[PDB]
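Contents: one structure, followed by commentary.
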Amino acid sequence: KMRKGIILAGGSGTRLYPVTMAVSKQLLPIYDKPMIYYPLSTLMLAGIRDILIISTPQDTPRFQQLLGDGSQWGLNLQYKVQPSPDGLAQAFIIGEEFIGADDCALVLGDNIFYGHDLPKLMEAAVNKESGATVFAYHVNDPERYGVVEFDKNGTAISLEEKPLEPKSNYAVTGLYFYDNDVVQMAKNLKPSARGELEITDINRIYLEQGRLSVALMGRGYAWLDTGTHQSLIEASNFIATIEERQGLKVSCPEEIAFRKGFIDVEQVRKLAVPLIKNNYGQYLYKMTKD
Amino acid sequence: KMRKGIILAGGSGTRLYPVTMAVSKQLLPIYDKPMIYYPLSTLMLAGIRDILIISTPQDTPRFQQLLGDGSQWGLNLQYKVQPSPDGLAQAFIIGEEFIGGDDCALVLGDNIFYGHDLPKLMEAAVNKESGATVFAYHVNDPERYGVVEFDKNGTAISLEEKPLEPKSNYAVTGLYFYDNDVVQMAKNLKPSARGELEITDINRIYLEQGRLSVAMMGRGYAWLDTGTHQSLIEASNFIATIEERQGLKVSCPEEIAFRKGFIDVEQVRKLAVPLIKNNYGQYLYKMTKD
Amino acid sequence: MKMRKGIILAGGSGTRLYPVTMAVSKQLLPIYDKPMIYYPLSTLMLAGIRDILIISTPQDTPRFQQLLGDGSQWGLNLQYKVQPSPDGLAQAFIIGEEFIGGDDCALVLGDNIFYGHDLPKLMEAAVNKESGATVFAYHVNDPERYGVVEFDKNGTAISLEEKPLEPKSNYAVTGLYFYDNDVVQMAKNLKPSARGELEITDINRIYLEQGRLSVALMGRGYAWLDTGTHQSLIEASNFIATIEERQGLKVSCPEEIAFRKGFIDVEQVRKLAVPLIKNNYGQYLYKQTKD
Amino acid sequence: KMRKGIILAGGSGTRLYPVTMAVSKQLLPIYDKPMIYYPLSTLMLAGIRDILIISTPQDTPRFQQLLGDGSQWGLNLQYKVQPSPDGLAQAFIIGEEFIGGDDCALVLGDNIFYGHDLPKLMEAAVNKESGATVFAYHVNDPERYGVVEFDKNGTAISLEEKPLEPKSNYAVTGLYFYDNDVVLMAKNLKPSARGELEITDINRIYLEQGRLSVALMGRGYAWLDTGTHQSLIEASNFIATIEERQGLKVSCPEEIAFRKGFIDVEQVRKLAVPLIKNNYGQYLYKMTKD
Ligand SMILES: Cc1cn([C@H]2C[C@H](O)[C@@H](COP(=O)(O)O)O2)c(=O)[nH]c1=O
Ligand SMILES: Cc1cn([C@H]2C[C@H](O)[C@@H](COP(=O)(O)O)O2)c(=O)[nH]c1=O
Ligand SMILES: Cc1cn([C@H]2C[C@H](O)[C@@H](COP(=O)(O)O)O2)c(=O)[nH]c1=O
Ligand SMILES: Cc1cn([C@H]2C[C@H](O)[C@@H](COP(=O)(O)O)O2)c(=O)[nH]c1=O
Ligand SMILES: Cc1cn([C@H]2C[C@H](O)[C@@H](COP(=O)(O)O)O2)c(=O)[nH]c1=O
Ligand SMILES: Cc1cn([C@H]2C[C@H](O)[C@@H](COP(=O)(O)O)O2)c(=O)[nH]c1=O
Ligand SMILES: Cc1cn([C@H]2C[C@H](O)[C@@H](COP(=O)(O)O)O2)c(=O)[nH]c1=O
Ligand SMILES: Cc1cn([C@H]2C[C@H](O)[C@@H](COP(=O)(O)O)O2)c(=O)[nH]c1=O
């Protein structure tokens, strides 16, 4: 479980009220599984097994009750509280101890990636010795995000957190890879005009040093919107349509743990049975008939 | 004085694992509010204001922080734990002291009704002096529910829980009205068919006494299925389609309390003020204007 | 004594939906399991109207006629007339003059989809009104798209404006209208608006101004499904699918309504189903003869 | 010069009655464009510009009415009728003249493919000099399709058309690529157990010659189902959720021709004119901007 990642799963939850009044947004379903399974799955697909989950004072213990130490899936999971949703970059101040002196990835708890050859897409980022990697994705509402501006060739030259005058239609996704300098940069940030510690500031620091890779995530990939009540419906439908057409599950941690050898046949079987009244447990057991 | 209702909102949620490993089914979002808002709504539209909410040990506290004592919306809410999901009929045993010598309605925490004239459809039931009333609804999969059989003249002649060979296509819905006899009937129920104290055995006792009304819920009403992950997507999409077209909400308790005179403008406004930062409050606040 | 004749206006440019509607007429598009026009047709039937005139474009009108025929298979009588250009809703009544004759009329738009409990009882006063006109008001969130009716402190209709910039309310006028025999001449006496369209809203205002306009409230318990955009099309189809799959019934099945209302008998239905017995629609037709 | 392909857009469409009673299935919308736009886009993306569209006596003239000779898209489109749906392989018998001595692809008119690097997966199959390529895709209901049987090493070893007992969950999709040998093989076919002249039989012949590439289409690709009223809606929601998140269209032919250099900026603006009053024209127009 040598390689490291962080899932930032807290947040004010204000926008979705009152759905999020007694439930962390990141415990909400997306079709047939809790939302956090998706980003967890992404980290696992990047070959990352040592993972810190950050959420609220109220909700962190809920994530721990759900997933425990992660050993049942061949992972090492730990937990820590963010007292207040002070910014994406706080991930790294809170995860200081967890990070030690290693590389680290950060994925937002509500980011849902899907599409062919993702693991390979992430491959260079995971293998990069120094610097950082982020991914850029074309959307119709860039204002909402960190916006990456491109050269008359395809070279990134500027980032902006939520620009009134977006300079491109490319948003930076909520998946990030860093070397070990990120902790110190985070520790040096002052909040922004939005009153947040902005991961955009960190990315610009790496950019200004000429150490930022910005990889393009083409239109062939889905990077699902999860901001509104309506977008949540759409994210679930999308997953449902994939799974029911293929007879396969998207971002199922037990399967991914199995396929990658984190856990064996006897393990899957044991995880499958309590879940076997429905399709989820039956799908997992059947995977095992090898 | 206040009429009395129970919302049974626990269960184990096996059928929805692993979603329900994480969160109470009756806290899953149905578009823009928790599921329990829809059944609460329903009791309210019937004029029932003194409501007991029964959930699990782990979940009750969470329904408590979500809803509070109800005074804010002009209701009186109280709570009780059901240690084990030993059947719908146990609601009356748990609620025996709440109920006293009064009539009581039972609505399932997962029952979503929508349609024109719902309060009229429930009026006879609310005002029945002796006996019980249930509602029948035509489904394509009768075998999953309690099923009511009629004779050629439309008389309820039989009621069978999850029959092998359904005698009709009419299911019994999750809304029930009882006189004060139901408490003693419950206390005598026997773990018949499957480990739970069944609502159909209660109902079967009223039928045999000639005291069960079966009101027909026509096809113009919607009774949203929350049974599977796919049906929960549909419930949500169904509500969203109504609301987005109308610019109005379905089963917004605060709205309803206001339209019925449970609370007045000033209360609505006092509710909205702290919520105006989000779309829900914005909706509350416009209420008090048009 | 008059009867009430029916008109379905299923014309229009269709530009908003290009190029879907370069291949297919909007009102032939599927709403889940049947052509869109089946809905508003079904609405007339539920109101008891069996004699119906369908108006559509020159290009599209023969397609509707391939689909529906003369209506007799469902105990209806359907006729067809062409609207050369989408010059306005109220032209429907100029085009249908020879059809309406001296009777009462009901016009429903080809893309209007109504669903909910006691719909027919909602239309009843309108159907039985002897003189004047009846429209239906529905609270929407984008009133600027429709004719908007303004109500006074007492809830009394007080004005109507077409696609106004500053709506005086959130109540739209529904795409289903009921009229006595006065409407044809009113329509023939209309001058086109600034935007160049013979407006039905100007007809309703006239009736309004005469004191002969009933405006009936279609409550939030009813659904009035949007078909203006591709995205509202998928939602209409998803809305119907969810109803139909939960119930094992069908929304707006002309055959069924004809049967239930006595327009045709069990044998006619079986005669309809046989040829169709290998598809799911036929299977439904046939099961309703059974039990 | 121009590479060739066939779109087989026939069949009764009987199981969709009455939706298909006065419309060809393959003219039904999927979200914002007719169904046939999809597989047409597929061939385009494969570098195939000379295309034969096959359909029924009644529907063929409707396709020719919508698309014309395709030169407004920088293509060559022609048409031919299939009197009766007596087999997919009939495509090559009806298209013998149009094929001549060249390679030919075939795509089914109701097939919708999407995903990251799809053009690359198609370009390998077009590159191929001798033999044939099909694609295998994991699905829920294989018995509806041609089914592939694999080794313990994962080598494709056998094929069966709609097996009662499927040997795997891997179906053959409706996209195929052949060298010029496919026409003689189709001319030698005899009707199978079912009514029909099977493409599966030709594929088996290539497989047994050691000349069939069975290209695996990973679970990251979508291959949407158009077989029921419900699958259509599903395929439309999928497409719509993708386009509205990205502000980009899926399988817009005019866009593909432009991006691939089939047509220039001027020809795009001309295409935009008749569509200019809606989002679809605007999208084409905006691409000649920025
Ligand atoms: C701003 C912020 C967001 N979040 C989470 C909530 C979402 O998963 C994600 C994005 O937040 P928003 O969605 O930008 O509030 O990050 C935190 O956990 N802590 C923070 O300080
Ligand atoms: C270039 C282009 C690709 N596509 C589709 C084809 C493939 O399904 C997908 C390829 O995306 P990709 O760059 O991420 O591989 O996008 C279009 O629909 N329109 C276009 O103009
Ligand atoms: C059986 C049972 C269900 N419930 C709630 C959850 C279910 O959605 C609903 C009906 O349960 P059911 O699955 O047996 O029909 O009632 C309880 O709160 N306690 C119970 O003992
Ligand atoms: C009788 C009948 C009604 N309807 C519709 C009209 C209304 O929208 C709704 C009325 O349902 P209701 O029985 O609850 O009043 O059902 C059909 O779609 N098919 C039918 O066969
Ligand atoms: C203006 C007009 C609209 N229509 C149809 C097209 C639309 O479906 C509907 C509403 O038109 P608008 O809504 O006035 O464009 O009525 C015609 O059939 N004829 C007409 O002259
Ligand atoms: C009175 C009231 C009803 N409702 C719901 C209950 C019904 O299912 C629906 C139909 O109303 P109608 O009976 O006015 O059509 O509206 C609210 O959501 N809020 C309210 O204030
Ligand atoms: C058998 C056959 C199918 N088709 C079309 C109809 C369907 O869209 C598709 C697949 O049909 P299938 O499952 O029966 O093979 O091919 C033809 O156009 N011609 C034919 O000869
Ligand atoms: C191995 C594995 C992949 N995936 C996902 C990750 C990517 O989104 C996509 C990659 O598919 P691919 O095989 O076509 O490249 O599939 C799962 O959801 N579960 C799994 O067990």
*Peptide B:109-117: average number of partner chain Cβ atoms within 10 Å per residue?*
4
*Which of D:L232, D:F258, D:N203, positive extreme of dipole for region D:198-290 (C-beta unit charges)*: D:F258
*asked:* Let me make sure I get this right: for region C:15-152, a, b and c are the square roots of the gyration tensor eigenvalues over alpha carbons, sorted descending. Under 1.5 in a/c it's rounded, otherwise prolate if a/b > b/c, else oblate. Which is it?
replied: rounded
*Please name which of B:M287, B:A125, B:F113 has its Cα lying farthest along the dipole of chain B towards the positive end, using unit charges on Cβ (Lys, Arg +1; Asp, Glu -1) and the Cα centre as origin.*
B:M287
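Once the other residues with Cβ under 10 Å from the Cβ of A:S12 are scored (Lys, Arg +1; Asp, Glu -1), what is the net sum?
Combined, the nearby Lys, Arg, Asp and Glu give +3.
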*Could you list, in their original order, any pairs among A:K249/A:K286; D:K80/D:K187; A:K25/A:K286; A:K120/D:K286 whose Cα atoms are separated by more than 21 Å?*
A:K25/A:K286; A:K120/D:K286
_Shielding score for A:138-148, defined as the mean number of other chain Cβ atoms within 10 Å_ = 2
*Each label point is 7 Å from the Cα along the Cα-to-Cβ direction; what then is the distance between the points at B:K190 and C:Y286, in nm?*
4.5 nm
*Short version: ³J(HN,Hα) in whole Hz for each residue of region D:163-177, in order, from phi by Karplus 6.51 cos²θ - 1.76 cosθ + 1.60 (θ = phi - 60°), x for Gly and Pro, what are they?*
x, 4, 10, x, 7, 8, 9, 9, 8, 7, 6, x, 10, 8, 10
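Report, as an integer, the average count of C-beta atoms from other chains found within 10 Å of each Cβ along B:6-18.
Working: counts 0, 0, 0, 0, 0, 0, 0, 0, 4, 2, 5, 9, 14.
Going residue by residue through B:6-18 and averaging, the value is 3.
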_Given contacts defined as C-alpha pairs under 8 Å and at least six residues apart, what's the relative contact order of chain B, whole-number percent?_
21 percent
*Using the Cα gyration tensor of region C:197-241, with a ≥ b ≥ c the square roots of its eigenvalues, what is the shape: rounded (a/c below 1.5), prolate (a/b larger than b/c) or oblate (neither)?*
oblate
*asked:* Give the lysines reachable from C:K129 as a straight Cα distance under 16 Å; neighbours fewer than 8 places away on the same chain don't count.
replied: C:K2, C:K5, C:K121
*asked:* How big is the dipole moment of the protein assembly as shown about its Cα centre under a simple scheme where the beta carbon of each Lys and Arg is +1, that of each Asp and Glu is -1, and everything else is neutral? Debye, nearest 20, please.
replied: 120 debye
*How large is the charge dipole for chain B, taken about the Cα centre, if only the Cβ atoms of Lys, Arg (+1) and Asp, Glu (-1) carry charge, to the nearest 20 debye?*
680 debye
_What does the C-alpha gyration tensor say about the overall shape of the protein assembly as shown? Classify as rounded when a/c is under 1.5, otherwise prolate if a/b is larger than b/c, or oblate._
rounded
*asked:* Need one number: % antiparallel among DSSP beta bridges in the protein assembly as shown, to the nearest 5.
replied: 50 percent
*Between helix C:119-128 and chain C: long-axis angle, C-alpha atoms, 0 to 90°, nearest 10*: 60 degrees
*Residues with amide H under 5 Å from that of A:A156, placed H, sequence gap 5 or more*: A:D151
_Mean Cβ neighbour count within 10 Å, used as a protection proxy, ranking A:60-67, C:135-142, D:109-116 highest first_ = D:109-116, C:135-142, A:60-67
*Amide H partners (placed H, <5 Å) of A:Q78, local residues excluded*: A:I51, A:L52, A:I53
*Going by how many other beta carbons lie within 10 Å of each one, how would you line up A:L40, B:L16, fewest first?*
B:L16, A:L40
*Work out from phi, with θ = phi - 60° and the Karplus expression 6.51 cos²θ - 1.76 cosθ + 1.60, the ³J(HN,Hα) of each residue of region B:151-158, listed in order in whole Hz, and give x for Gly and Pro.*
8, 4, 9, x, 6, 4, 10, 6
*Note down the magnitude of the dipole of region C:21-135 about its Cα centre, charges +1 on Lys and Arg C-beta and -1 on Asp and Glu C-beta and zero elsewhere, to the nearest 20 debye.*
320 debye
_Label point distance in nm, D:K80-B:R3, each placed 7 Å from Cα along Cα→Cβ_ = 7.3 nm
*Amide H neighbours of D:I30 under 5 Å, counting only residues 5+ apart in sequence or on other chains, H built in-plane at 1.01 Å?*
D:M35
*Could you run the Karplus curve 6.51 cos²θ - 1.76 cosθ + 1.60 with θ = phi - 60° over region D:66-76 and give me ³J(HN,Hα) per residue in whole Hz, x for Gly and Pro?*
6, 9, x, 9, x, 4, 6, 9, x, 10, 10
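Cβ atoms come from the backbone with ideal geometry, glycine included; neighbour counts cover every protein chain shown. A short reminder: the numbers here are calculations on the coordinates, not readings from a lab.
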